[PDB]
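Down below is the structure, laid out as structure tokens.
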Amino acid sequence: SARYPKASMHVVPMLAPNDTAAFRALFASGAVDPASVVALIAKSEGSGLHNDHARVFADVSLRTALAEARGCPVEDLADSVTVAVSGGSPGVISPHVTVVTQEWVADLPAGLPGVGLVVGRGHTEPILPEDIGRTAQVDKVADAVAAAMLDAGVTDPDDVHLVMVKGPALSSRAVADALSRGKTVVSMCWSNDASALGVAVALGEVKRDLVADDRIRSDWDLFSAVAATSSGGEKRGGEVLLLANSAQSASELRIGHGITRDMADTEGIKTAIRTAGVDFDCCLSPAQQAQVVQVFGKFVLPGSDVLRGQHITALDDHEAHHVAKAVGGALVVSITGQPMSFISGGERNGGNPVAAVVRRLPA
Amino acid sequence: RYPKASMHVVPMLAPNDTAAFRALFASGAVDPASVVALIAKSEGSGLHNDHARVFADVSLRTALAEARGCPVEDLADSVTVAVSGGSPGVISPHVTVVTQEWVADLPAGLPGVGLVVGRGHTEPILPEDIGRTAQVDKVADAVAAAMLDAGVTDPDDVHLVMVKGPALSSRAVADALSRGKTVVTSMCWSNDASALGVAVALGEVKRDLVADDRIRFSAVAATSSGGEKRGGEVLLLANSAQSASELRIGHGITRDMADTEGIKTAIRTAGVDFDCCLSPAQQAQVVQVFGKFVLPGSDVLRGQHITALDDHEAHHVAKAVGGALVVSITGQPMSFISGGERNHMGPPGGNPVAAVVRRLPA
Amino acid sequence: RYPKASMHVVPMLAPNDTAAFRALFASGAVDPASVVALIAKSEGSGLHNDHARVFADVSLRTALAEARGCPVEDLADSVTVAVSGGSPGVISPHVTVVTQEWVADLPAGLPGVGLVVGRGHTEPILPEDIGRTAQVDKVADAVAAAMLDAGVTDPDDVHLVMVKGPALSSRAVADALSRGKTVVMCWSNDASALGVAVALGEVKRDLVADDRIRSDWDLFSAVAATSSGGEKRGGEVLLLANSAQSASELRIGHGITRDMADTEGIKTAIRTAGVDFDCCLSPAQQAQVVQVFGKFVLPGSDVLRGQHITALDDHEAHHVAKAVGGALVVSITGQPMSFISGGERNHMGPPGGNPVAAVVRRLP
Amino acid sequence: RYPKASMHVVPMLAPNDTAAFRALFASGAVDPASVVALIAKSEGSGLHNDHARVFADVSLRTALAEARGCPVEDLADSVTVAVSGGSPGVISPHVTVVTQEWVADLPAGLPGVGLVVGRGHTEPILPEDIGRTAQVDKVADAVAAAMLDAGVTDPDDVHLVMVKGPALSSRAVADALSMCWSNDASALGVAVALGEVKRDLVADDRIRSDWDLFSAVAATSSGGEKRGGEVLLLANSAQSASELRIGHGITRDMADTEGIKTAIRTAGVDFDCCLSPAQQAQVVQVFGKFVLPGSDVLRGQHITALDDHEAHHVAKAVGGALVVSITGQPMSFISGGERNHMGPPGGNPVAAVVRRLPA
């Protein structure tokens, strides 16, 4: 039966948002089966802001290339593949796409140590505009996260190391509708904040019970160590992509996580790499750097403008969003030596999630 | 007579916040008459028209003149004031106050070599000289003079050379036209000529190799330009066996945009014994880092395409990245991170970085 | 006694270029002791942390103090210094030097009404006051005081009210927390504009409450131009009006910019100030216009003449708004040294309408 | 045979919003086979790496090809697609759809002259040709060809010439080893072909330094690697069946509205200083190029427009505010922001297309 999952990740460069050359070659060479693709996680060149059309262009170009390789119309990929493009690739970040596959096999290969990577996906019930940034969004995301854990065959939340949530944002047209029906409305960071909390609820990090509309954009004590949330568009359907480990994984990869303690801290990144399975003290050898397949780091602006006792400009800077990612990228790439890293963030808030996927090889 | 150089790093919350700078003198901690340089990072764009940078300069000069009890004018040959604009990300704006006194006695038990400061001034650099061989020669002479002022003869003991030169203005280019002369094209012509001057003076580049057509390396030049002052200025940081200073300087070369080995080499050759990472005690031995993060020579990094040369905010991002690398090693946000110019100092895609670290008696 | 107000517009090549400013006094053209306001545009970002703006402020204060022969600290209550940062496109950085003296006799043959300046200061505005009803009341009182200082009783004769107020800092929040209080820039600005509206009888005071402050666009002042920052708990009001007993050789007028491409507000300002023209100004008429003070806040919607615009989404929206406002004003007056402020998000004029005021020559 | 050119201006809410564009064809209002140019403004930076601009190009081509029922590859010589990125302030992103049919009969009562469109292609422009005399010559030949395509012999009847050329990449340089230069060379090519600049005056040395050599009507851009230069030319002709006429003017400085007004006036609107609402609606489109000025002195005063880091964006913001303040129409083609051979020192070209109705 569809019994053991085998997830893989292939990281391929993009020279522009619409450069799918090396992405298409992955399928055309028979290296990867397009039907087994479950997620595309990408960095694009551009502003990274709410109206970054270059980000949308990469999304459209990647969907089109994948649909062509699968031989379907693009309109099919819509529920079957998570496509997550984070805009803004400053400094050392090389734009790319991480192609995530998963197949299920009937038998577990021999000699795979410890736990291994597994992917789960889930979808929310429709989130109405009067739900956005409020307790209904939290509950609905939490259910989709529970569903993604179930899809991955994972029951222990401690084995979940990264949860990507894509939700809807408000538009004047959605407001128009709540308004029609007699409803008030709250928008991107509300949605993002509600989603992260949903993750926390579903992973048992925050009791439910503690949730209410008035805690949502406020009580920083309530948090998920592993949520990475974004919003936009109008799709009332929330989407969850969940990366975990399981003892029964056939995958040749393992995931781990850490928490970036402040804006100059490398210990979160290192912890991610270490708990994913690389045994190292302070720095990675070249061989160990190459064990690291991908890093997914979310570099939200810090909660204060005080860093190691000193004033910094990171909250005042008009280019703050761009700088946060520039810094996060420099930190990750200085450790791993790999410019094609998933560095997202730059939203307003001091700890940030980072996850690392590393090779897990048979004995 | 023995030089004793010191450095005091103090924070600035804005370009005109000289509170903690003035306290240094008012507390008797530091003698304002011994100040030979102010090296500062200000908040702002870091571009050619960054008025916040000029504001810090003016505020720092005014505060120093007041502490010395002189008018601000009387300070203009005697102190190098170098403000680099643009303090993205982890860079905390600040001023490094550099002092030097000469003492009659060399304290006992100071290991190896020690920090020494030298300063120099060029003969006037005409607008037809900018970016051309004349600027090179004139900077080289000012660097030689700064070595002589520091009592240093060995160029291998020079670890950082800051040059401030003039840039073209429309009125300068009017003047050269007046006298029947062409101008070169501009801040970066000046900067490139200056770096080469440093190289010539340190024996890094033979002079016969210089001509206007080569002008677009020194491992240790950190050059900038602007204004109209025809007088070039040189600030030189070195070591000497006869230094009374409780500090030592070292340098390295940043190999590419993600490399930390240049920074680490700077710290290590300055005197900190470490393998890969610094302990907290060792991080606190590092008093200041002076890193220049010019954009790289190509858009290929570890075999992959990067956006750093195409980005409209490239100048700001270069410093953001450089700052992140330095501060991730030293834990000290008040670091001197300059740069963001387009890519003649350092090897190709290579950037200079210097570190000043404690040198304590036995 | 009869007020005599004047305005002299001088260029600045940088935020610390006070050359042409100092020449005004050194040439005997203007008496520095009679300066009551400096209204300036500086080069820079125009954002909350625009240090180039502060640099112009400090430079202008220092030059003025030196010309007066006082320490710079004396000019703190006696002169309004208002520097708006951000001079995109056709806007030439400059300082408008506003003077006022009072004379014992009213010259003959001055037509209609004439310019008068008034100033006021608020009682201290605590951080728990910012963006709330207390700020409104305190600004309103300072506006009433400025009218009284100008000798003006009719709000219809008031054509421009500049308010500078405090903004929140973490350190102010800390204080209000310390005393068991909550807190809440645009809040401050919105509360100030409403204060102006209250004091000019444009909005009845019963309509005011903390919940309306930033939400009910129906409450607005046609002539408020508000800003905030720093920590100075003292609000400041500079008020430009006319009066039948003015000895000034200038008159002020105002208009409302109807949308982002509209020139009729600017033209109405110029026309009601006294220039008689149908659609476009001759060169002689353009030179009658001494200064324009236009506030170009972002619009309330992204729909302009039935089409979508990017002005609310643009990361550079603040800068673009001023670029556009400046282009409109300068295309009419031909004078790049115009006071174009704004770029805040959209209580100041009607839905998305923007105030503009014009000062023009009024000759015997 | 008589040309009948038309223009339909439709909004875009995003670079990939082709909804109103597709409705034009689906409603039978416009025949997609008659489309000869798409001239568009997109939201984005307007800089060399503006991918949003490329996105609009791709989206528009794909929509048009779908409406024609061909593969997108077949539009590649038959339709000029020109997207200028950067839509600050009052500029509403949109596409001007330009059609042209040739008809057997010339309608009665069409006053004066009327709009006609011509197109041309250069021979391949090698990278060693870019910014040099070869690019000039090759562009000039393509402009002569576009005139011939439009049936126009009098350069005075040409009011707008858009040239798209290649820019350099490290990979093109590599080959020759075996942007503004390109734009400058192209403008000069236009000038040569329209008789505005004698060809003996051209040399690699004058290109981008002798400002005395200029075209009043060139609007040039570059990018990509396509060695093929493209020319789109808008003119009038006495034998036009078109219900439109084009005119042009020169913007004298950054705050000047007289160039815009001259464009509208010479295109056929009779007005003194300001347009009535009826007259504003006669103006179908304006194509204005707002290159940064040659100096930082404006009406005797210093401006920041050359020093500003956002200069390119601001120039268009200003140009757009001027155009829209006259016409009341946010969907206007405002390009530019390059550093300052499109027009006199300090001067910028602007063209206007206005209604020309039967008697």
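Throughout, read-outs are computed from the coordinates displayed, never taken from laboratory work. Virtual Cβ from ideal backbone geometry, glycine too; neighbours counted across all protein chains shown.
When you work out D = kT/(6 pi eta Rh) for the protein assembly as shown at 4 °C and 1.567 mPa s, using the Kirkwood radius from C-alpha pairs as Rh and the Stokes-Einstein form, the result is 38 µm²/s. Of the two radii for region A:248-290, the radius of gyration is 1.03 times the Kirkwood radius, both from the alpha carbons; that is the Rg over Rh value.
Here's how it looks for D:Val297: its modeled amide H is under 5 Å from those of D:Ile303, which are all 5 or more places away or on a different chain.
How much FRET efficiency would the formula 1/(1 + (r/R0)^6) give for C:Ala23 and C:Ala108, where r is the Cβ-Cβ distance and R0 is 30 Å, rounded to 0.05? It comes out at approximately 0.40.
Distance between the C-alpha centres of region D:312-352 and region B:212-242: 43 Å, rounded to the whole angstrom. Three principal axis extents of region A:1-110 based on alpha-carbon atoms, in descending order, are 46, 31, 26 Å.
Between the beta carbons of B:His48 and C:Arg361, assuming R0 = 45 Å, the FRET efficiency works out to 0.70 to the nearest 0.05. Remark: mean inter-chain Cβ contacts per residue of C:225-237 equal 0, using a 10 Å Cβ-Cβ cutoff to other protein chain atoms. Ordered by the count of other Cβ atoms within 10 Å of each Cβ, fewest first, B:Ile215, B:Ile263 give B:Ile215, B:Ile263.
What number do you get for chain A when its Cα radius of gyration is normalised by 2.2 N^0.38 Å, N = residues? Write down the numbers at each step before the final one.
Details: Rg = 19.6 Å, N = 363, 2.2 N^0.38 = 20.7 Å.
Rg over 2.2 N^0.38 Å, computed on Cα atoms: 0.95.
In region B:113-270, the inverse of the mean reciprocal separation of distinct Cα atoms equals 16.2 Å; this is its Kirkwood hydrodynamic radius. Suppose each label sits 7 Å from its Cα in the direction of the beta carbon; what would the A:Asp281-C:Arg345 distance come out to in nanometres? Each label point lies 7 Å from its Cα, and together they span 5.1 nm.
What number does region B:246-362 give for Rg over Rh if you use C-alpha atoms and the Kirkwood radius?
Taking Rg over the Kirkwood Rh, I get 1.00.
Shown here for region D:1-69: chymotrypsin sites (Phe, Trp or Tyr not before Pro) in loop regions (DSSP other than H, G, I, E, B) with at most 11 other Cβ atoms within 10 Å, of which there are none. The calculated FRET efficiency for the pair C:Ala209 and C:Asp157, based on their C-beta separation and a Förster distance of 30 Å, comes to about 0.55.
Estimated from helices alone, the mean residue ellipticity of the protein assembly as shown at 222 nm is -8500 deg cm²/dmol (sum of -39500 (n - 2.57) over DSSP H runs with n ≥ 4, per residue).
Note on B:44-56: average number of Cβ atoms from other chains within 10 Å of each residue's Cβ is 6.
Counted by neighbouring Cβ atoms within 10 Å, the residues B:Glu246, A:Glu68 run from fewest to most as A:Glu68, B:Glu246.
Between A:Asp76 and B:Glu228, the simple label model (points 7 Å from Cα in the Cβ direction) yields a spacing of 7.2 nm.
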